[PDB]
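Working notes for the structure below.
There are 6 protein chains.
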Amino acid sequence: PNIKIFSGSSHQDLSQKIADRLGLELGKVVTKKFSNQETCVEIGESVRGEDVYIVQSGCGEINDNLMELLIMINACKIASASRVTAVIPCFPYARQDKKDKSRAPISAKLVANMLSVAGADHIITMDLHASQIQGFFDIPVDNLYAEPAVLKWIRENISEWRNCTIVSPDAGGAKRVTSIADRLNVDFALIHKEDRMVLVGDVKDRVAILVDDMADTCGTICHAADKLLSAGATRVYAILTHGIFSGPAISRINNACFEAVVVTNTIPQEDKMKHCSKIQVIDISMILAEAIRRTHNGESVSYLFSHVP
Amino acid sequence: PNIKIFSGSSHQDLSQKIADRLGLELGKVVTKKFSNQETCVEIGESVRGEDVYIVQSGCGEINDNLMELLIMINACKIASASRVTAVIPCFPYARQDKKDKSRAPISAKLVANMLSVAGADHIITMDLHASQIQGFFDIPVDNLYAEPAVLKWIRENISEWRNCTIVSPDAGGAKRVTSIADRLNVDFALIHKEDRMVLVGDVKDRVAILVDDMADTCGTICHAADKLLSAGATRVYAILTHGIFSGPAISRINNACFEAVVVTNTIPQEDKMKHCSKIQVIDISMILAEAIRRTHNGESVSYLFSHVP
Amino acid sequence: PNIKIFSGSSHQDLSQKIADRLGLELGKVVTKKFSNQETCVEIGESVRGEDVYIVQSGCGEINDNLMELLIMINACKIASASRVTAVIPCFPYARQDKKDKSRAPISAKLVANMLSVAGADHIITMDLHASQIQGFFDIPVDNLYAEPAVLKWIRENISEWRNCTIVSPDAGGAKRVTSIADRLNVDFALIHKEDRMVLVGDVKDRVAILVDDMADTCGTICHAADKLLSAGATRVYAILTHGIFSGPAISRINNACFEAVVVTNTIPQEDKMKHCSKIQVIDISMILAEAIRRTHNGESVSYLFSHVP
Amino acid sequence: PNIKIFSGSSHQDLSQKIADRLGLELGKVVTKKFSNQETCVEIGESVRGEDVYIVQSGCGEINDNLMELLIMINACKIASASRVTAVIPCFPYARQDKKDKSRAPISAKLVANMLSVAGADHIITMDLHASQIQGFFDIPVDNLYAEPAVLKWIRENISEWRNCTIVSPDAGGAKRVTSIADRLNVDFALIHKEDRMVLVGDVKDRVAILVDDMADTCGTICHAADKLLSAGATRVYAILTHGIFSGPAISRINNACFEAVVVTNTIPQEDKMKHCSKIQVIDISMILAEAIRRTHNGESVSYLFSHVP
Amino acid sequence: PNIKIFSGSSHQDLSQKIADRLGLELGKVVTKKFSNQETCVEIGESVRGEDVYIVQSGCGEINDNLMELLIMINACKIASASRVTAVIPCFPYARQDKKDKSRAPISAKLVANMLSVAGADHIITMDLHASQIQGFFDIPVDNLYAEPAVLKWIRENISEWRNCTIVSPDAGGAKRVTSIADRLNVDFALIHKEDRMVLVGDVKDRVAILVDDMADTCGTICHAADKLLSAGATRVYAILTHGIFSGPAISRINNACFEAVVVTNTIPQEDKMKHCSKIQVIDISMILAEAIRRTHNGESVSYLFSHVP
Amino acid sequence: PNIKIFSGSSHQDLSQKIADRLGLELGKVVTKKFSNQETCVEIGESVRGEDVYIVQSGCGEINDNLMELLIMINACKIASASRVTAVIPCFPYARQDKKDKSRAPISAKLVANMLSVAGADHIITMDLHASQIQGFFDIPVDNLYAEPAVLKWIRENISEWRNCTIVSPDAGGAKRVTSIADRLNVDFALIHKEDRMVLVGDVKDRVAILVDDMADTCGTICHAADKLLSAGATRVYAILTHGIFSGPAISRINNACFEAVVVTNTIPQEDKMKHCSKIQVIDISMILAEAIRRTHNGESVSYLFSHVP
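Residue numbers (full-length UniProt numbering), protein chains in the order written: chain A, 2 to 195, 203 to 317; chain B, 2 to 195, 203 to 317; chain C, 2 to 195, 203 to 317; chain D, 2 to 195, 203 to 317; chain E, 2 to 195, 203 to 317; chain F, 2 to 195, 203 to 317.
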């Protein structure tokens, strides 16, 4: 059983980078739309008794990409692939992980069920919005962390990183920032809204680094950055693993005080970089490639939680 | 347990017509998109211990509508609805019902599995592309027929209907046309391609009526109509239950010789009627409403296979 | 994991031919009936961590054979076989693939569900009545084609095959005949009933070849052959992949004008050949053996759709 | 939701008796065989939102009857019956309830799985060979007892019943006989083979009553009766809930010393009574009818374990 | 894929013995309780693509041990183990294998379902209370037998074993004793209660050996031993595969006439041996180790039904 | 370990045919000459832990091709290929298999030694000039036979093959012709030179078929054909497995009386067919492909000695 890497249409550059790091050519697949907008998928090579990895992120036209992924999984499964793994760098509907006093769907659970019923045997993803989403599956889920790469970027790009403060934009992300604050041996601050925001932790004359899983409309991080500049911070950075940047995010970032907005490339960023000078990208394709290769060879994946490969 | 009718965004006029025929107000639901294009659904009323019917056709932005339907089904199911029924007038991915010497998905089966796993207890649909799709489910599926309404339209709109010929555009649909030919006591002709088409059955000086389940790009029916005019037909009609009309269909129909292109309203047609004079619509909302009401009251649904209500 | 081939009682000659082509001895199994007619199965060898293939066709005493197959699958699965494959040359209840305005079962779907619940991981079959039956499963199904062998037989047995006409007995099978007509570069004709039959396509002074998936009572092909002789055909052949020949089929064929009735050996034919001189058999055991060997070795099975091994 | 009773072809007299006791007409169903021996089923009336009971015993052509039952269950389930119950007076493959140092199937578990996957919601049966078969299901199973009726027959037919000895033919059935011995306040004896049999318990000058679940070939009960006459018994009776009587059973009973062989009518007995004078039948249709009516009305079924209705 | 053996807290000595016989070190796992008595499990080594065997018997604090086993199975399954096997020497809730005229659970079936849903692919157990419990699973179950070891113990410890009588304490276990009686070529006796017990079979001046699957409170075997001494037996032994010895069992055995009470070590016995001199233990770790090694290597397990390794 | 097929420059068409039959792309290799005519080889893909097959025949510039093959074998072996197989359809220096009263080399043995020392683990060849060359190796050698294909060609191309005579050109090849004569049930004749030739066996009015391993200069077969026409033969064919056709062979064949000169394609023939009308080619790429696939999968190769795949 050999590795076969197939790309969905969502993020073809990432799939190519992963394939090069694996020393493979991207599997031959045709993924387009019929005239009536139904997703047309044709696997261009035999996947029999192979270990198939399908790379597709929850970005762009999310429902189209999700249906493409499900259809590709189904095609590979009924084509007698030995094992089918969904490599989903940004998990779609991850923020709909609970109901919370609303007659709402748990869309993340529905997506997990659909992936399972399509025939996925394994999920590889990066920085799930809530790690409880792992429990939405009955198949194994490897939730990788961009932190090795975020810490690397911070050390090699922020000269004052030893005196910086890692800041959570909200009470929800505090855990994450504390983890980073522990690995850098720096202070960590929290910010919560009461339209006013309250900040705990000295940030005067120090570089502040907001950290988060995802920036969609960037209202949260822009308000946090305004508050950080109010409290005497020298420069404010924002580091996010998922740069969705939908709606007015680009205009708000352009009007914000960020020195840089660093995001990983779980979502393609070339178009946003054109219209926003201060967006920067951290490659995490090495982490994804190493996770694929370790799942294939039966080596430890959790080794990657703390080690940059 | 009362009837609750909810509309997806795909076909709101049809849902309203069904609700009026049932004497009900469309259930309160908010169905929109978040900024990052994730489907947001909020059920605006309690559906506890109710018999819920969600109307959504496989039309327009098909993957968006399908995800909306699945999310709404899930929301109603975890909101403790007694029973959830998907009313899908045009079934999405119905034409992907087999592999046939290709490493292709069976997308119709995947859609059926997704509907089942979302929590659908029952499916109501009209003129499935292949009735074998009924076997793709383990829940009951009521496949209604537009034929009572097509026959009604033919009798009240084609003055020469007793001397007409019902024509299949291809060998696949012959069964359907024979059924119609049996109910009208008229001749039936077949047309098959060898770029040339061959026609069996006298059509000279007689009105010809092409009959089909769906017109997507209308290449099939336009070629058939050209052949029918070649063979001395007086006028050529086309009657389809599903008027998808994607791609170049409107231009081809405008350049074709059809007297009329009659389609049912399983798919909204107002925009296409603006740009195509010869499109006409047969209301099938009475059949759908009667099917809903009979499933709710435990009356016979198959009664509708031969009776216009 | 090695190949183990087990024979049901339905078609032992075919199982032996397959085993010889694989270079194996048929797995030791006792398959008989208790006094009260319950199916007794005993696997006479260990199948642990083996790739098990059970050969059983839907022929003869169909319900007995189907229960035998399910019981054997269950016995191998709880005996810790690594993988269990059902090799079903003629799929039982394949013609009950839809309801169609009747309160009828979808028996083909029920059979698929029973095979899955017995523990089948994979299905190998030949010329499914409707390829949509593939969607009745969630496990992979390889639907082989007898066409490579039918084309071979036509070329080596009909001297006038370049000027012949391939004829469908009904509108349903037209696809199949067109495929054959494409591979031979000959004309193709259709025949449909209006008790009268209508034929499209010149057949005068030409050899006609009716083609079909199955001959049960042979009313269809006998009526078609009578019509073909009415239309001036020189000789009429019939080629079917499944020769069920139940009821009055043998008498009708004996009284018909067929030059030959060629069937594959998916169903044993020795008894019918005794009472019908014009039945001939095309061996497809090479296709089945190659499919088994390719599924075992992870080679391409679809290679066989166009290549005689 | 109303009661609909449908009969399989196995035991139509029992189904009619049950229908009369319920005050209903047997549901309209056509259950025959196609020419090629495939089971043809057509439900002749709507079963929508009804409580459907299908009566079929594991007797006669067992695999044919079992397939008929599964097909009928499937037809009713996809016809949108509110609930489907299988009334199986004699459960097929019940004696294959374990492996026991053999590479054998657990056929009873396979049958249970097939019934569940066909869509049965509930099982009603009488005197399961092993009550552990109840655990083979995940749906509720009501295992009725013929004992109220056996005790009634014993009291009204054996004048010396107060001085009789209830005898188990083997060590396996002892529980059953003890139950009966407790309800009659009589002695109970056991018989076990060491070709020789050993009997414990005084039987001289006393009427002996062998009791068992089923007589298939009647070797067991005939050997037991020979031993009982050897030990000075006055008359020997045999009472069995299931009179299968396959193979040489009728000849052995005719040559045996039984005063009577009483069986229930879970299996039709008219043909056997023709060739065997000493077979007598205890009607249990009242127990089955009361169980059906109590499951329908939500009354206690276990009330019937001790009360003759 | 390598063997990984993990121990639950129930029987660590047995797990160590098995690990030594396999030439392996027990897998690193932490299995303790949090303060609030929730089971805490941490797998201390990677189990990716490994063949995992978790040893846990149904003994001691049964519900705690069962939950520990389920949690460990789940942890290994979501840690991407290739296969997870539960090695359960004494199966918990095995005696709750049926309802029998009681509104009782079938707890054995519930345990089987829980093991399956936790992710067990395979079960290895010894002397199931009823072999029908095998049918409660859909995964393969290997039910080993202590009989090779019981027969070995009898021959090497009872000098008069050729003239002994094997005795069943009740009618239920007779099968077992007959098996033993067949393998030793000795007489077999039965004992059943009518507070009085009746014994069939000469036992005077002969050594009697009661045989059973399990001794919980030992009322059954103590009453049987009293009866055997009443009937002139010289010495009475008791041999049980599962020595649960709960409640007053130790006091009753101490006051009983047994020469020895031999049990296997499916349940730890050191504490009971302290307070009961006549308890002796037969090691069955060789049978369990050989079964593990044969399932891993794909060799025949049933070979062990008759051969001591 | 996967199959990797690499082509030398000698016979690229054959390598491509083999690769297509295996469903593979020819391995990437650069095989050219430096300016000073040293053979330059570069393996363009990783062959680590792969099963490598290098196809190179002893044809054309024989010493260049042999050195290319040795260099490619060495490159693959020091690149850590798991196994390296030389597929040599025509074995070079095969005719130098002995000394025979001459101070000559045994060049075939030298070639075998060089292949072994380069690192070949296995040899696949067709119709070795002397099968004793197999003993020149210590590695396994599979010597395939073109006979299945020669017999096939004879039956499908020579209408009088049942009355033909198979003729050996010399006493050395008699064995071969007898084999063929046995498989066709025809007469076999020998021809030996005393410049005169003597023929044993009636050939008058019968088609004669000279059979041989190789035609280099074709003096032997041309003299034999002249003698056969002298002895009253009707037509003379020549069938050779290796068509070397060096020196004056083409002119002699053009001036000879052969109806056809059939050779296999172990050596490329396109150039010779241009200048010689009566040369015909029998494809043996199926035999070579099947041998490669069977050696890879561990199936029987000798199965091919008598079976055309």
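For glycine and all other residues, C-beta sits at the position ideal for the given N, C-alpha and C.
Point to revise | Nearest to residue 272 (chain F) (by Cα), restricted to the options F:285, F:259, F:251 and F:262 | key: F:251
Check your understanding: What does a CB cutoff of less than 7 Å around residue 6 (chain E) pick up in its chain, not counting 5 residues either side in sequence?
Key -> 16, 19, 20, 23, 25, 27, 28, 54 and 56
Review point. What residues in the region 36-59 of chain C bring their beta carbon closer than 9 Å to a beta carbon of chain F?
Key: none
Practice item. Return the chain-ordered list of same chain residues with a C-beta closer than 7 Å to the C-beta of residue 34 (chain F), the five sequence neighbours on each side being excluded. Key: 40 and 41
Exercise for review: Quick one: measure Cβ to Cβ for residue 276 (chain D) and residue 225 (chain D), integer angstroms, because I've assumed they're closer than 8 Å.
Suggested key: That belief does not hold up - the Cβ atoms of residue 276 (chain D) and residue 225 (chain D) are roughly 18 Å apart, past 8 Å.
Practice item. Go through the region 31-89 of chain F residue by residue and report every complete run of the beta strand (DSSP E) that reaches 3 residues or more, in order. Key: 40-44, 52-56 and 84-89
Exercise for review: Could you check what DSSP says for residue 311 (chain A) in three-state terms: helix, strand or coil?
Suggested key: helix
Point to revise | Residues bridged to residue 279 (chain D) (per DSSP) | key: According to DSSP, which records beta bridges pairwise, residue 279 (chain D) is partnered with nothing at all.
Exercise for review: Could you say which of E:185, E:176 and E:64 lies nearest to residue 160 (chain E) if we only look at CA atoms?
Suggested key: E:185
Point to revise | Where residue 102 (chain E) meets chain D, residues with beta-carbon distance less than 8 Å | key: 146, 310 and 313
**Study point:** Same chain only: Cβ atoms within 8 Å of residue 227 (chain B), ignoring 5 sequence neighbours per side
**Key:** 260
Review point. Got a sec: is the Cβ-Cβ distance from residue 117 (chain D) to anything in chain E below 8 Å?
Key: no
Check your understanding: Per DSSP, which one or two residues make a beta bridge with residue 250 (chain A)?
Key -> A:222 and A:273
Exercise for review: Verify the CB distance criterion: does residue 317 (chain C) have a CB-CB separation below 8 Å to chain F?
Suggested key: yes
Review point. For the region 172-183 of chain D against the region 160-180 of chain E, are there 3 or more C-beta pairs whose distance is under 8 Å?
Key: yes
Check your understanding: When the Cα atoms are used, what is the spatial distance from residue 60 (chain A) to residue 96 (chain A)?
Key -> 13 Å
Review point. Do residue 232 (chain F) and residue 266 (chain F) have their C-beta atoms closer together than 8 Å?
Key: no
Exercise for review: Please check the pair residue 118 (chain B) and residue 73 (chain A), which I expect to be a contact at CB under 8 Å, by giving their CB distance rounded to whole angstroms.
Suggested key: Not quite, the Cβ-Cβ distance comes to about 18 Å (not below 8 Å), so this is no contact.
Review point. Between residue 292 (chain B) and residue 270 (chain B), is the Cβ-Cβ spacing less than 8 Å?
Key: no
Point to revise | DSSP state of residue 186 (chain D) mapped onto helix, strand, coil | key: coil
Review point. With 16 other CB atoms within 10 Å as the buried threshold, where does residue 319 (chain A) fall?
Key: No answer is possible for residue 319 (chain A): it lies beyond the span of chain A, which begins at 2 and ends at 317.
Point to revise | Below-8 Å beta-carbon distance, residue 98 (chain E) vs any chain D residue | key: yes
Exercise for review: Would you list the one or two residues that DSSP bridges to residue 288 (chain A)?
Suggested key: A:270
**Study point:** Cβ-based burial, residue 317 (chain B) [other Cβ within 10 Å; buried from 16]
**Key:** exposed
Review point. Quick one: Cα of residue 240 (chain F) to Cα of residue 205 (chain F), how far?
Key: 15 Å
Check your understanding: Sorted by chain position, which residues of the same chain lie with C-beta nearer than 6 Å to residue 182 (chain B)'s C-beta, five sequence neighbours on each side aside?
Key -> 167 and 189
**Study point:** Sequence ranges, alpha helix (DSSP H) only - wholly within the region 82-167 of chain C, length at least 4
**Key:** 108-119 and 148-158
Point to revise | Sequence-distant residues of the same chain with beta carbon closer than 8 Å to residue 163 (chain A), five excluded per side | key: 185, 186 and 187
Check your understanding: Hey, quick one: how far does the alpha helix (DSSP H) through residue 238 (chain A) stretch, first residue to last?
Key -> 227-238
**Study point:** Selected residue, minimal CA-CA separation from residue 284 (chain D), among D:299, D:264 and D:298
**Key:** D:264
Practice item. Identify the contact partners of residue 136 (chain B) in chain C, using a Cβ-Cβ distance below 7 Å as the criterion. Key: 98, 99, 107, 109, 110 and 137
Exercise for review: Can you tell me which of the three DSSP states residue 18 (chain E) falls into?
Suggested key: helix
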